[PDB]
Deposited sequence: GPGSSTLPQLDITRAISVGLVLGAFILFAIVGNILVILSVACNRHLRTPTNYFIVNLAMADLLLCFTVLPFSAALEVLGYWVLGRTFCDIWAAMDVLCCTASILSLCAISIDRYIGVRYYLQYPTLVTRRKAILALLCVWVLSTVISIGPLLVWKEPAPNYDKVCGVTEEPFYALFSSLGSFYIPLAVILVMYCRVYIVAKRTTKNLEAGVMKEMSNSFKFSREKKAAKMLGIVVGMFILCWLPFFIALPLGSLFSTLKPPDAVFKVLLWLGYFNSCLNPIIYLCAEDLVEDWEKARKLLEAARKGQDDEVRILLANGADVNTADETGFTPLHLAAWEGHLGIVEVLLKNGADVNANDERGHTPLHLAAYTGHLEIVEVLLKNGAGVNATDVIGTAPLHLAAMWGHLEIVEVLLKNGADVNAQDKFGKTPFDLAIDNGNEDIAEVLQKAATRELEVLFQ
């Protein structure tokens, strides 16, 4: 029994990973939509409800599961087992009925690319969410009233098992009937996305991108919960109590997968072909192509294998037109590569005054430092880009900024015999003494 020690850490790390994504991850998903007015979209309305269901499990289902394993058989069915039988179904029924609202929203979204925005608003989204909880409560808390008094002979309050009238009636209303709607709708979405993808406004690639991310979510839920919900009806015609325990735990694990799916899935950058196409267009300075590619569904914030985005390479290669349209198409102006360089670092290096001003105008980090601690002022001062050094200082660039090698933008100007820049950087440093000078 030497493995008993190693099993603790392995399970503990997996349970720690779960809690992290399931509680913190979901709260962060909720807060991102809650504190951004531009992110309050009907699709984002359903994922907040999906995160609320995962959160509601963690606080009202897992405590009962944790209390069982830790303390043992303090399993007082009359109350204890009735609450976290009821709460368990409620959360699961809420989750799958939310995925029904998603599966339908995504068919309305994919099929009707330019019609959807008007069709589905915040008002129509709240009603769909409202319905889910009204149904979910009836489906979950129904049986707890319908079957009021405990059975004679063979009661199983504190067991997943029961008679066929519950095993089928519950599993139908809580899984299979919802599953039918989902699979039928995401089967319909499946073929429309190919039919319009073969045939082919960016709207289709914004909503077929959305349909793909959420399709993974829908699949991972089905994959997680099918094993349990296969075994409840199938038992009536099998599994030990210890078998049911891991099948439920598998279902619970899904609560952490959603935040992970949103961090781990590339679908906006799913078109590896269309993604690397834009990265090249923006670098080569091909305004016609970049505009066309963006309009055809190309991700503005595509990450290179090194970490460079189209805005990086555009700022580097000195293509002002592409920098403007990228920003105009919602480009991360403070995008970082592996060493932390932003497009302003690159614009500063290659001496493009036009782009440095445009980046700053669009809210670029003037003092943004890379892993070495090198700021855009370090690079502009190093190569003799005096116009950029002045623009940078004007936007409040820090002259005292130091890299890992202890070198400051002034030092680099001196060490490259840049007399003009060194004077402007030395003057800039005595700014605090010009409180006395009016």
* Structure fact -> Gaps vs the deposited sequence (1-based, no CA atoms) are 1-7, 208-217, 255-258
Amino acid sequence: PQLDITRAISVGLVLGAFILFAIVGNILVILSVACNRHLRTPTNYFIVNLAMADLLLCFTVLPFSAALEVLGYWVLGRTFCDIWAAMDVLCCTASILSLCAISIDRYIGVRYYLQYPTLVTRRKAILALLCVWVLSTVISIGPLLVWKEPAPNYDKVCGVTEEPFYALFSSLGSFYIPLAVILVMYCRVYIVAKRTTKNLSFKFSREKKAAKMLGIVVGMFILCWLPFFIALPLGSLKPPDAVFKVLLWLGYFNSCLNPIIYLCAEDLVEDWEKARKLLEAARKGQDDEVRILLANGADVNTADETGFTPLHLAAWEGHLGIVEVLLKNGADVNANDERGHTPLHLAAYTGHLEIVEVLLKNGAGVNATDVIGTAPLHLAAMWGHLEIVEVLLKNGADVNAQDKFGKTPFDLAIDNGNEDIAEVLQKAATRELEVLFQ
From here on, numbers count along this sequence of modelled residues.
* Structure fact -> Mean B factor on CA atoms, stretches 424-432 and 13-21, record says higher is 13-21
* To do: Using the B-factors recorded in the PDB entry, average over the C-alpha atoms of 131-139 and of 347-355, then report which stretch comes out higher.
  => 131-139
* Structure fact -> Looking only at 312, 277, 111, 339, the Cα with the top B-factor belongs to 111
* If you check the C-alpha B-factor for each of 256, 193, 94, 327 in the entry, which is highest? -> 193
* Structure fact -> Assert third(CA B-factor, residue 34) within chain per record equals highest
* Going by the entry, which third of its chain does the Cα temperature factor of residue 225 land in? -> middle
* Relative to the other modelled residues in the chain, which third contains the C-alpha temperature factor of residue 316: lowest, middle or highest? -> lowest
* residue 156 - Cα temperature factor, lowest/middle/highest third of chain -> middle
* By the record's CA B-factor, is residue 308 among the lowest, middle or highest third of residues in the chain? -> lowest
